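Given as structure tokens, the chain that follows is alone and in the form whose entry title says "closed conformation".
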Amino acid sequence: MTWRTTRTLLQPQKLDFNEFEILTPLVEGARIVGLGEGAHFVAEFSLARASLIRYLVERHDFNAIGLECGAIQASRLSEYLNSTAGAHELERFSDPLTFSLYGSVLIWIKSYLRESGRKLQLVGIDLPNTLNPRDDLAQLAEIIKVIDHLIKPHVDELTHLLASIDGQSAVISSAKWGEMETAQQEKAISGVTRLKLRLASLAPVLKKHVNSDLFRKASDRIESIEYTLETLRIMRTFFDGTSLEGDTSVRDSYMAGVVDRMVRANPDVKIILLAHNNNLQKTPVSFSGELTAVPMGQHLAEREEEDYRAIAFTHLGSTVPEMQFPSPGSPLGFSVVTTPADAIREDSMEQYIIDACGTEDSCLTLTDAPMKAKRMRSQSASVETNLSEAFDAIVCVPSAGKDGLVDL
């Protein structure tokens, strides 16, 4: 009664909506539903995401999708979705990491929206997934020029101070960050704090009608830059030295903040969050070099509205695409290589799926029932937690092959 074999999950065009009825109670009253992935860059996880987007959109009226990219990165993706009059390939509207993480789903979404006539809001809930603050600072400088020109030299100094942060991924940008002198780093961090406090102090004036929503956009840009610099500082310790336990919660708390603000600002929004299992999880995550981090989902599970749900995706394959770091010569500082996935053990969610659904097709299970499962695959490893508290449901596909458009 709490599990279901789904034969159509990997076939979004031939979906049998009866197979997802098990989710209808948990999705009622939800305004935020996360669709996970146990590993990035997996073809089957993009397929399952497209199917569950169909279910949430067509049967529960979800109307927005949030991605692990920045707000400006996402506006370009929105241009892609809405375009048609010319050569409008996704490569023209996306950066390399965004393309590999979401390209397959994004190409499908555009067709789906055109053919179905439906409409969805795209939202970047993240920092720039490059950790390059250039776009944010450039938009801030244009806004500030209009609404608070007195502080425009300060924004332009910041732009110059941070011009060398131009990577296409966190590992590249963080390496460029570590090449700056400590005093220039702290001067930039202090510069952003000065700007943040000035803008908040002037809010009653800058919210005047002639400025439209420019105060809000400036405030969002500054927040994005502030957390980008702190995440660059952390990413540096997270390999090159003294990473403090819990520090990797900072980026995920930014994401939780963007989602929370967006939902309470727009009360009709019902958003589907496309993020990793480790980000959607509602309990503390222990993984790789982090003894314990607080995930985005644990913040969102705090909402008094109790309207967040998290669906983890896992798989029964013997291998999984993994990120290989370091990877000298690779354009983004890492590569994606097929590697053996973590062994399935008796107290694993994977074994429960095998015991419940079998191994023939995919499986969908709720987590609120006594069970032996305490660990679940994540990348080529596993995380251990209380899975009834950590996720609301689990989606498990038969295999996890590298997505064919991923070029890393």
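Think of the rigid core as the biggest set of C-alphas that the two forms share within 1.5 Å after superposition. Note that residue numbering begins at 1 and tracks the sequence as displayed. Only residues modelled in both forms are compared.
Another form, the form whose entry title says "open conformation", is not on view; read the next lines as being about it.
Just a single entry of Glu290, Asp166, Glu79, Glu186 exceeds or equals a 2 Å CA shift between this form and the one not shown, which is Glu290 (rigid core superposed). Annotation for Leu150: C-alpha shift under 2 angstroms between this form and the one not shown, rigid core superposed. Shown in the overlay between this form and the one not shown, fitted on the rigid core, is a CA shift at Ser335 smaller than 2 Å. Taking the rigid core as fixed, one finds a CA shift for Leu197 smaller than 2 Å between this form and the one not shown. In the other entry, the CA atoms of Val192 and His209 come closer by at least 3 angstroms compared with the shown structure.
Shown here is a form in which the CA atoms of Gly289 and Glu389 lie at least 3 Å farther apart than they do in the other entry. After fitting on the rigid core, stretches of 3+ residues whose CA atoms all move by 2 angstroms or more between this form and the one not shown lie at 209 to 212, 287 to 292.
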